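Peer 1: Pasting final.cif below, which is mmCIF, C-alpha atoms.
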data_data
loop_
_atom_site.group_PDB
_atom_site.id
_atom_site.type_symbol
_atom_site.label_atom_id
_atom_site.label_comp_id
_atom_site.auth_asym_id
_atom_site.auth_seq_id
_atom_site.Cartn_x
_atom_site.Cartn_y
_atom_site.Cartn_z
ATOM 1 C CA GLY F 47 6.721 3.038 -12.067
ATOM 2 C CA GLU F 48 4.839 5.356 -9.723
ATOM 3 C CA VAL F 49 1.952 3.003 -8.962
ATOM 4 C CA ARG F 50 4.281 0.163 -7.881
ATOM 5 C CA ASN F 51 6.418 2.593 -5.854
ATOM 6 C CA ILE F 52 3.488 4.146 -3.965
ATOM 7 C CA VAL F 53 2.070 0.601 -3.471
ATOM 8 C CA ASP F 54 5.416 -0.771 -2.185
ATOM 9 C CA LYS F 55 6.045 2.284 0.081
ATOM 10 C CA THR F 56 2.471 2.541 1.408
ATOM 11 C CA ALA F 57 2.540 -1.241 2.019
ATOM 12 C CA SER F 58 5.831 -0.826 3.962
ATOM 13 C CA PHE F 59 4.329 1.781 6.349
ATOM 14 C CA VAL F 60 1.126 -0.230 6.815
ATOM 15 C CA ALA F 61 3.302 -3.357 7.283
ATOM 16 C CA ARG F 62 5.233 -1.680 10.128
ATOM 17 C CA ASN F 63 2.413 0.296 11.809
ATOM 18 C CA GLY F 64 -0.201 -2.437 11.087
ATOM 19 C CA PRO F 65 -3.317 -2.612 8.840
ATOM 20 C CA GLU F 66 -4.918 0.066 11.062
ATOM 21 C CA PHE F 67 -3.029 2.489 8.768
ATOM 22 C CA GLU F 68 -4.478 0.958 5.633
ATOM 23 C CA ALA F 69 -7.893 2.100 6.812
ATOM 24 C CA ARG F 70 -6.636 5.569 7.822
ATOM 25 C CA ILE F 71 -4.726 6.177 4.571
ATOM 26 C CA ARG F 72 -7.627 4.746 2.483
ATOM 27 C CA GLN F 73 -10.243 6.974 4.184
ATOM 28 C CA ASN F 74 -7.824 9.990 4.312
ATOM 29 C CA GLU F 75 -7.330 9.920 0.517
ATOM 30 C CA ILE F 76 -10.544 8.093 -0.591
ATOM 31 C CA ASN F 77 -11.376 10.783 -3.205
ATOM 32 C CA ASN F 78 -7.718 11.151 -4.280
ATOM 33 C CA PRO F 79 -6.773 8.840 -7.176
ATOM 34 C CA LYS F 80 -3.168 8.660 -5.821
ATOM 35 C CA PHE F 81 -4.566 6.161 -3.245
ATOM 36 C CA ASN F 82 -7.275 4.488 -5.378
ATOM 37 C CA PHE F 83 -4.979 1.408 -5.286
ATOM 38 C CA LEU F 84 -5.998 0.788 -1.611
ATOM 39 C CA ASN F 85 -9.566 -0.026 -2.768
ATOM 40 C CA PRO F 86 -10.372 -3.361 -4.543
ATOM 41 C CA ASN F 87 -11.550 -1.251 -7.519
ATOM 42 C CA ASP F 88 -7.907 -0.889 -8.721
ATOM 43 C CA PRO F 89 -5.984 -3.545 -10.741
ATOM 44 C CA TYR F 90 -2.856 -3.453 -8.534
ATOM 45 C CA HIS F 91 -4.953 -3.892 -5.369
ATOM 46 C CA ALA F 92 -3.941 -7.589 -5.322
ATOM 47 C CA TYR F 93 -0.229 -6.655 -5.753
ATOM 48 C CA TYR F 94 -0.265 -4.371 -2.688
ATOM 49 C CA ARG F 95 -1.886 -7.120 -0.546
ATOM 50 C CA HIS F 96 1.237 -9.237 -1.037
ATOM 51 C CA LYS F 97 3.633 -6.295 -0.385
ATOM 52 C CA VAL F 98 2.163 -5.708 3.107
ATOM 53 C CA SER F 99 2.738 -9.338 4.187
ATOM 54 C CA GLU F 100 6.163 -9.353 2.472
ATOM 55 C CA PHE F 101 7.469 -6.231 4.234
ATOM 56 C CA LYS F 102 6.165 -7.705 7.531
ATOM 57 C CA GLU F 103 8.123 -10.920 6.867
ATOM 58 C CA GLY F 104 11.105 -8.608 6.135
ATOM 59 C CA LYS F 105 12.010 -10.322 2.816
ATOM 60 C CA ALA F 106 10.925 -7.910 0.055
ATOM 61 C CA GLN F 107 13.274 -5.575 -1.796
ATOM 62 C CA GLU F 108 12.909 -1.971 -0.608
ATOM 63 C CA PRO F 109 12.520 0.679 -3.394
ATOM 64 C CA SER F 110 15.164 2.801 -5.134
#
Would you mind writing the file's structure down as structure tokens?
Peer 2:
Amino acid sequence: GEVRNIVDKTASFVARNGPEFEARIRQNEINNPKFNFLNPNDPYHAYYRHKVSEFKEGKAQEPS
């Protein structure tokens, strides 16, 4: 699933570099639907929120 993979991967980068990247990425692709997930308007928005914290804790399963 693309949506979960981009969520998981974007969350990973924002988890390492900090939430300062969430803002950058969100505003850098605000019109692009590939990043619509970063806004609360998307259904998986809540899923991504968890991924960030999870990658920071270093417990989640990286993608394949």
Peer 1: Quick one: which residues end up in the PyMOL selection byres ((chain F and resi 83) around 12) for this structure, as number ranges by chain?
Peer 2: F: 48-54, 56-57, 68, 71-72, 75-82, 84-95
Peer 1: When distances are computed from only C-alpha atoms, which of F:61, F:110, F:66, F:73 shows the smallest separation from residue 98 in chain F?
Peer 2: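 Going through F:61, F:110, F:66, F:73 one by one, the smallest distance to residue 98 in chain F is for F:61.
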Peer 1: Apply the PyMOL selection byres ((chain F and resi 108) around 9) to the file shown and report the selected residues as a ChimeraX atom specification.
Peer 2: /F:54-55,58,101,106-107,109-110
Peer 1: Kindly provide, as AutoDock Vina command-line options, the centre and edge lengths (Å, one decimal) of an axis-aligned box around all atoms of range 50-63 of chain F given in the file, with 5 Å on each side.
Peer 2:
--center_x 3.8 --center_y 0.4 --center_z 2.0 --size_x 15.3 --size_y 17.5 --size_z 29.7
